[PDB]
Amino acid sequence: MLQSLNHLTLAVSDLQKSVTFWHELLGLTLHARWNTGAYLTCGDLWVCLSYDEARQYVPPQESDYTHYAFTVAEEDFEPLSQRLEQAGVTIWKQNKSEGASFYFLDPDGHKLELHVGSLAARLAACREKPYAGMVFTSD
């Protein structure tokens, strides 16, 4: 089977700007860096920033709903939202779904999200107000 996510690779246009953002702003730990990439960790997750000649800034109106969500502790959600806003981050969605969620772009427009709450919590919420046609696989 697929055991887990091995690593997330994001195409970037300016490695220096991207490392600053992911390592200093978002606080990921930096393990290695070379001319055209960087390896970082977020918890267990291996995140690779990869220089790609073809990458440009992609505004949120062009890119679709594909996005990457990172877990924050409940008491950390507010101060981290605040830190991101003050850094002038672009908000791509207002929150309306289950749990504190905060939606912001990376320096190349990768759609990011801060989120408090597991899948278990989302499933719990969906048991009470199901989405249209919802079917839970545990039958």
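Residue positions are given as counts along the sequence shown, with the first one as 1.
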**Asked** Comparing 95 to 103 with 62 to 70, which has the greater mean CA B-factor as deposited?
**Response** 95 to 103
**Request:** Sort the modelled residues of this chain by their C-alpha B factor and say whether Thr29 lands in the lowest, middle or highest third.
**Result:** middle
**Message:** Using only modelled residues of the chain, where does the Cα B factor of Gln82 rank: lowest third, middle third or highest third?
**Reply:** highest
**Item:** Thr20 CA temperature factor, ranked by third within the chain
**Value:** middle
**Request:** Pull the Cα B-factor of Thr90 out of the PDB entry and bin it into the chain's lowest, middle or highest third.
**Result:** lowest
**Asked** Thinking about Cα B factors across the chain, which third does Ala132 belong to?
**Response** lowest
